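Notes to accompany the following structure.
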Amino acid sequence: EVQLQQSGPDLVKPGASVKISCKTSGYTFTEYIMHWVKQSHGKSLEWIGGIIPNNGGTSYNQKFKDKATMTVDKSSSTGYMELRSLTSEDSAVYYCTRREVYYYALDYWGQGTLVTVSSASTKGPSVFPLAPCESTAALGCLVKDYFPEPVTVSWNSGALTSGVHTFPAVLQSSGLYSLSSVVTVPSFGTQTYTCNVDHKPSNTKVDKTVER
Amino acid sequence: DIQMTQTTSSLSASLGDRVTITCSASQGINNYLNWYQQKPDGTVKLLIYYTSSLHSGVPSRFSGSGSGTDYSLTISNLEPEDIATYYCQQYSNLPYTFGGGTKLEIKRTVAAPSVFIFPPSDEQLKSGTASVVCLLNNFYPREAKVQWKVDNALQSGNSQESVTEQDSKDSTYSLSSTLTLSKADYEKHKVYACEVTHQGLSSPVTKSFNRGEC
């Protein structure tokens with residue numbers, strides 16, 4: 001299986017820089033060009049540029065030429081891209097992609113990297129249980145007052161996926177994010193329910209067992 | 001730069017039906033046109049290259065068509081797992097350019113929500129805020145009225161809503177409504193209730209708890 005793992009999320013001050021990795025398993029690295037794509041919140045894909053690994057010969061979308069630099073450590077089998085002098089308009093998800101021939105197409109995509117540009121401080125989520133006071137029962141966790149996006153939520157360490165709903169984060173008047181994750185179970189009593197919340201931007205990892 | 005226009009950015013369609021997504025280029029691109037599917041979780045997948053060729057492991061009900069400036073992606077008959085945004089991409093010249101996207105809404109039969117209410121935890125209250133959560137699970141369509149009533153007084157301006165993307169298996173939504181109060185306001189009232197109105201309910205469903213019965 002061809003894979004591209006990207007560095008995790010990123011809070012960044014206006015004016016600052018940031019580098020992003022794309023570690024690349026499962027094929028001959030030097031045999032495939034690598035492209036980078038930006039997607040702004042609720043928006044379309046923009047091509048940033050491509051890079052030949054063999055010789056490091058790059059190729060930029062003129063829109064990004066004074067914003068992005070691409071590079072490749074050929075031993076690490078790892079592509080990089082630095083975005084420099086950042087503003088709120090560089091707030092986006094960035095993807096790395098490998099090109100294939102049959103006829104250029106982007107045939108494998110990384111999972112993306114959420115970069116947020118703000119002068120506001122990191123803040124870890126508080127994690128509160130959601131427990132009730134007719135065929136199913138529901139419980140959940142409230143993941144409150146965190147910055148920036150994103151949080152990951154799993155149940156019983158990835159072993160409960162069915163009936164699970166993790167809502168999209170809402171920005172509160174306070175300027176911090178909040179969401180709930182819920183799971184339904186037909187009536188349960190047998191098993192226990194633990195949410196596992198990971199906020200990479202603050203190295204917060206929190207398990208909350210919901211007393212049923 | 002070659003502009004790719006996907007004029008229809010929001011498209012509804014029924015399970016089993018034919019779906020057509022269209023892309024036009026500002027000038028001819030000689031069939032150098034790819035199609036991507038973005039799932040709601042952000043995962044991107046190449047579907048079709050060079051106008052018409054299916055990628056490995058892509059269902060035979062996807063096909064690509066067109067030439068010059070005008071291209072289409074057709075889903076022969078629509079499955080639930082096709083919920084996604086579809087993007088075209090020209091590689092006729094640099095810089096590579098992308099359509100604005102077409103998001104698929106899937107029409108299915110009406111399903112009413114099942115409704116749940118959660119009081120605030122003591123662990124939250126000790127910090128001065130009370131969040132009261134109302135959940136509407138696995139409903140269709142999207143349109144839902146959620147009213148909060150505190151001791152039977154209709155609430156305004158103190159709640160925020162959030163909705164999942166359509167489920168890839170049953171094409172339903174789930175929604176949360178959160179009522180936020182100060183601890184001090186939370187404690188002036190007994191009965192917390194959310195009342196739900198939806199096409200699949202013959203009359204509104206109310207879920208409630210008494211503060212200090214829990």
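Identifiers in the structure tokens: chain A, B, ... in order shown; residue index from 1 per chain; ligand index from 1 in order shown.
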
Apply DSSP to the structure's backbone, then extract all residues of segment 9-212 of chain A labelled helix (DSSP H, G or I) and return them as a ChimeraX atom specification.
-> /A:29-31,62-64,88-90,156-158,200-202

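By only C-alpha atoms, and with residues fewer than 3 positions from residue 206 of chain A along its chain excluded, the set lying at most 9 Å from it is residues 125, 126, 127, 195, 196, 197, 198 and 199 of chain A.
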
Have a look at A:207, A:149, A:89, A:107 and name the one nearest to chain B; count only C-alpha atoms.
-> A:107

May I have the residues of chain B within 8 Å of chain A, counting only C-alpha atoms, written as an NGL selection string?
-> :B and (32 or 34 or 42-46 or 49-50 or 91 or 94-101 or 116-121 or 123-124 or 133 or 160 or 162-164 or 174-176 or 209 or 213-214)

Write out the residues from the selection above, keeping N, CA, C and O atoms, as a tab-separated table (two decimals), in the first residue's frame.
```tsv
chain	number	residue	atom	x	y	z
B	32	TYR	N	-7.61	16.74	-21.29
B	32	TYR	CA	-6.69	16.67	-20.12
B	32	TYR	C	-7.44	17.17	-18.88
B	32	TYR	O	-7.25	18.31	-18.39
B	34	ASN	N	-9.16	15.54	-15.16
B	34	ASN	CA	-9.34	14.53	-14.11
B	34	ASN	C	-10.52	14.87	-13.20
B	34	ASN	O	-10.90	16.05	-13.08
B	42	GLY	N	-12.63	14.65	4.49
B	42	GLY	CA	-11.48	15.30	3.83
B	42	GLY	C	-10.66	14.36	2.96
B	42	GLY	O	-9.76	14.86	2.24
B	43	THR	N	-10.90	13.04	2.98
B	43	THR	CA	-10.09	12.10	2.15
B	43	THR	C	-10.40	12.38	0.67
B	43	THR	O	-11.58	12.48	0.31
B	44	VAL	N	-9.36	12.57	-0.14
B	44	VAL	CA	-9.50	12.77	-1.61
B	44	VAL	C	-9.07	11.50	-2.35
B	44	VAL	O	-8.05	10.92	-1.99
B	45	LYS	N	-9.79	11.19	-3.42
B	45	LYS	CA	-9.66	9.97	-4.22
B	45	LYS	C	-9.80	10.41	-5.68
B	45	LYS	O	-10.77	11.12	-6.00
B	46	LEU	N	-8.85	10.06	-6.53
B	46	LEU	CA	-8.95	10.18	-8.01
B	46	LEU	C	-9.98	9.16	-8.50
B	46	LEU	O	-9.84	8.00	-8.15
B	49	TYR	N	-9.30	9.73	-14.93
B	49	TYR	CA	-8.21	10.50	-15.58
B	49	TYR	C	-8.53	10.57	-17.07
B	49	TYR	O	-9.29	9.70	-17.61
B	50	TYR	N	-8.04	11.63	-17.71
B	50	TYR	CA	-8.01	11.80	-19.19
B	50	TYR	C	-9.42	11.63	-19.71
B	50	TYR	O	-9.65	10.89	-20.71
B	91	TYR	N	-5.11	19.63	-16.62
B	91	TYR	CA	-3.63	19.59	-16.68
B	91	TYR	C	-3.16	19.90	-18.11
B	91	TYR	O	-2.01	19.53	-18.43
B	94	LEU	N	-0.05	24.61	-17.09
B	94	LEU	CA	0.24	25.06	-15.70
B	94	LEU	C	-0.28	26.49	-15.61
B	94	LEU	O	-0.41	27.13	-16.64
B	95	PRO	N	-0.69	26.99	-14.43
B	95	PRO	CA	-0.84	26.18	-13.22
B	95	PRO	C	-2.08	25.27	-13.34
B	95	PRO	O	-3.09	25.69	-13.94
B	96	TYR	N	-1.99	24.05	-12.82
B	96	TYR	CA	-3.14	23.12	-12.69
B	96	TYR	C	-4.28	23.88	-12.01
B	96	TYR	O	-4.03	24.67	-11.07
B	97	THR	N	-5.50	23.74	-12.51
B	97	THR	CA	-6.66	24.45	-11.91
B	97	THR	C	-7.80	23.47	-11.67
B	97	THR	O	-7.91	22.47	-12.41
B	98	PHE	N	-8.61	23.78	-10.66
B	98	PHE	CA	-9.67	22.91	-10.09
B	98	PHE	C	-11.01	23.61	-10.27
B	98	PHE	O	-11.10	24.87	-10.07
B	99	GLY	N	-12.02	22.84	-10.64
B	99	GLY	CA	-13.41	23.32	-10.51
B	99	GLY	C	-13.71	23.75	-9.07
B	99	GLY	O	-12.96	23.36	-8.16
B	100	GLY	N	-14.79	24.49	-8.86
B	100	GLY	CA	-15.17	24.93	-7.51
B	100	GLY	C	-15.82	23.82	-6.66
B	100	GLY	O	-15.98	24.03	-5.45
B	101	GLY	N	-16.17	22.68	-7.25
B	101	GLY	CA	-16.74	21.53	-6.53
B	101	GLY	C	-18.25	21.43	-6.71
B	101	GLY	O	-18.93	22.46	-6.86
B	116	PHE	N	-32.81	12.82	22.36
B	116	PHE	CA	-32.19	12.59	23.68
B	116	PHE	C	-31.82	13.94	24.30
B	116	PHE	O	-31.44	14.84	23.55
B	117	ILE	N	-31.87	14.05	25.63
B	117	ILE	CA	-31.43	15.30	26.32
B	117	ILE	C	-30.45	14.94	27.44
B	117	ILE	O	-30.67	13.95	28.11
B	118	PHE	N	-29.41	15.75	27.62
B	118	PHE	CA	-28.32	15.55	28.60
B	118	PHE	C	-28.19	16.79	29.47
B	118	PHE	O	-27.89	17.90	28.98
B	119	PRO	N	-28.35	16.65	30.80
B	119	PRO	CA	-28.04	17.74	31.72
B	119	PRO	C	-26.55	18.03	31.78
B	119	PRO	O	-25.72	17.27	31.29
B	120	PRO	N	-26.15	19.21	32.31
B	120	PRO	CA	-24.74	19.49	32.55
B	120	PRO	C	-24.19	18.55	33.64
B	120	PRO	O	-24.93	18.22	34.50
B	121	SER	N	-22.93	18.15	33.52
B	121	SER	CA	-22.13	17.44	34.55
B	121	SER	C	-21.75	18.39	35.70
B	121	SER	O	-21.44	19.58	35.45
B	123	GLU	N	-18.96	18.32	36.98
B	123	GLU	CA	-17.57	18.65	36.59
B	123	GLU	C	-17.54	19.95	35.78
B	123	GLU	O	-16.53	20.66	35.87
B	124	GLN	N	-18.59	20.24	34.99
B	124	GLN	CA	-18.70	21.51	34.22
B	124	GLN	C	-19.21	22.61	35.16
B	124	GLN	O	-18.62	23.71	35.17
B	133	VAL	N	-27.50	19.68	26.39
B	133	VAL	CA	-27.39	19.12	25.02
B	133	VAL	C	-28.64	18.33	24.67
B	133	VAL	O	-29.12	17.50	25.47
B	160	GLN	N	-26.83	27.08	20.27
B	160	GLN	CA	-26.12	26.86	18.99
B	160	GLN	C	-26.36	25.41	18.53
B	160	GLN	O	-26.41	24.49	19.38
B	162	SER	N	-25.38	22.21	15.59
B	162	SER	CA	-24.33	21.63	14.71
B	162	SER	C	-24.93	20.38	14.06
B	162	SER	O	-25.71	19.71	14.76
B	163	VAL	N	-24.63	20.06	12.80
B	163	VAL	CA	-25.21	18.90	12.06
B	163	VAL	C	-24.08	18.11	11.44
B	163	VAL	O	-23.15	18.72	10.91
B	164	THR	N	-24.13	16.79	11.53
B	164	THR	CA	-23.19	15.93	10.80
B	164	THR	C	-23.45	16.12	9.29
B	164	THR	O	-24.53	16.67	8.89
B	174	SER	N	-27.53	13.70	11.75
B	174	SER	CA	-27.71	13.86	13.21
B	174	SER	C	-27.38	15.32	13.54
B	174	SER	O	-26.58	15.94	12.81
B	175	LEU	N	-28.10	15.90	14.49
B	175	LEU	CA	-27.92	17.33	14.89
B	175	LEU	C	-27.80	17.38	16.41
B	175	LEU	O	-28.51	16.61	17.09
B	176	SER	N	-26.97	18.26	16.93
B	176	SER	CA	-26.92	18.65	18.37
B	176	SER	C	-27.36	20.09	18.48
B	176	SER	O	-26.99	20.88	17.62
B	209	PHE	N	-35.78	17.01	31.43
B	209	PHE	CA	-35.34	16.54	32.78
B	209	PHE	C	-35.68	17.63	33.79
B	209	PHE	O	-35.77	18.79	33.37
B	213	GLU	N	-33.58	16.46	40.07
B	213	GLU	CA	-33.89	15.01	40.02
B	213	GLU	C	-32.72	14.32	39.30
B	213	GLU	O	-32.81	13.12	39.06
B	214	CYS	N	-31.66	15.08	38.99
B	214	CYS	CA	-30.41	14.66	38.30
B	214	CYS	C	-29.62	15.93	37.94
B	214	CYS	O	-29.76	16.54	36.88
```

Between atom CA of residue 179 of chain B and atom CA of residue 166 of chain B, what is the distance, to one decimal in Å?
-> 23.9 Å

For residue 63 of chain B, list every protein, DNA or RNA residue within 8 Å, evaluated using only C-alpha atoms, and leave out those in the same chain fewer than 2 positions away; present the list as a compact mmCIF listing (two decimals) with N, CA and C atoms, in the first residue's frame.
```txt
# COMPACT_ATOMS: atom_id res chain seq x y z
N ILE B 48 -11.39 9.38 -12.10
CA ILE B 48 -11.29 9.32 -13.58
C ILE B 48 -10.12 10.21 -14.00
N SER B 52 -12.10 10.10 -19.33
CA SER B 52 -12.96 8.90 -19.51
C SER B 52 -12.43 7.64 -18.83
N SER B 53 -11.15 7.56 -18.52
CA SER B 53 -10.53 6.34 -17.94
C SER B 53 -10.78 6.27 -16.43
N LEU B 54 -11.46 5.20 -15.96
CA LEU B 54 -11.68 4.87 -14.52
C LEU B 54 -10.36 4.48 -13.86
N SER B 60 -17.77 0.75 -11.74
CA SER B 60 -18.19 0.86 -13.16
C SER B 60 -19.39 1.82 -13.35
N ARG B 61 -20.01 2.33 -12.28
CA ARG B 61 -21.20 3.22 -12.47
C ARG B 61 -20.74 4.68 -12.57
N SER B 65 -17.09 11.95 -19.45
CA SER B 65 -17.42 12.33 -20.85
C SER B 65 -16.96 13.76 -21.18
N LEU B 73 -19.10 14.22 -15.31
CA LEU B 73 -19.00 12.97 -14.53
C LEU B 73 -20.43 12.47 -14.30
N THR B 74 -20.69 11.20 -14.62
CA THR B 74 -22.02 10.59 -14.53
C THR B 74 -21.93 9.41 -13.58
N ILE B 75 -22.87 9.33 -12.65
CA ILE B 75 -23.04 8.18 -11.73
C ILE B 75 -24.29 7.47 -12.22
N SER B 76 -24.06 6.32 -12.84
CA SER B 76 -25.07 5.49 -13.54
C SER B 76 -26.28 5.29 -12.63
```

Could you pull out all residues of chain A with a DSSP call of strand (DSSP E or B) and give them as a PyMOL selection string?
-> chain A and resi 3-6+10-12+18-25+34-39+45-51+58-60+68-73+78-83+92-100+105-109+113-117+123+126-130+136-147+152-155+160+164-166+170-171+177-186+194-199+204-209

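Pairwise distance (atom CA of residue 170 of chain B, atom CA of residue 82 of chain B) equals 11.6 Å.
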
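Distance-wise, atom CA of residue 111 of chain B and atom CA of residue 143 of chain B end up 11.5 Å apart.
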